[PDB]
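Next up is one chain by itself, shown in C-alpha cells, the form deposited in one PDB entry.
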C-alpha cells in the first residue's frame, strides 16, 4: 500500500525516460509552481526527452485554469494538448508526471458506478510506464473520494508542496 519517493527518486525516473507528459492540476495552481515546472521541462528536453502537457478540461477551479498559469510561465502553445487529442499518447509515455492533479486522473470515473466522479472523462495516466503524483498528503481532491491509482504497482507518491518539490527535482537533475 503506497510507495513513497523523494525528489531524487523522481529525478532518476524522468532523466532515464524518452517521453514524459506533464499533467497539472489545482495543486499546481495553489502552490503557484508553473515556473519551476516549465524549468523542469526545459532541462528535461535539453536531455533529449520529449515533453508534453496534458490539460484536463476541468483541472483547477475554473475553465482555462492551467492555461493561464502555463502561459505566465512561458510554456509554448505547441506543447499543450487537450484531453481528447493526447489521451492515446499515454500508452507510449515512460512517465506521467502528475503535479497537483487528482480527480482528473482517478479511474473510478470509468469503473465505480456509485462514485461522485462517475461518467466524467479522465486522463489515462495509468497507461504510462510509471506515474509520479505530487501532493502534500493522502487527502482527496474536490470530489471527496480516494484515488486507487495511489496504492498500485507502478505509481509513486511525492509528498510535499508542488513548488518546493518541483524546485527540488530541478536541483537533482543538475
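Residues that one form lacks are left out of the comparison. For the two forms, the rigid core is made up of the largest set of C-alpha atoms that agree within 1.5 Å on superposition. Positions refer to the first chain, counted from 1.
Another form exists, deposited in another entry; not displayed. Remarks below refer to it.
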**Asked** Among 31, 149, 69, 108, whose C-alpha is off by 2 Å or more between this form and the one not shown on a rigid-core fit?
**Response** 108
**Message:** After a rigid core superposition, would you say the CA of residue 119 moves by 2 angstroms or more between this form and the one not shown, or not?
**Reply:** yes
**Complete:** Checked in the other entry: CA of residue 150 to CA of residue 116 differs by 3 Å or more, atoms lying farther
**Request:** Since the C-alpha distance between residue 148 and residue 111 changes by 3 Å or more in the other entry, give its direction relative to the shown form: closer or farther.
**Result:** farther
**Fill in**
Listed in sequence order, the shifted stretches between this form and the one not shown (at least 3 consecutive residues, every Cα moved by 2 Å or more, rigid core superposed) come to 107-120
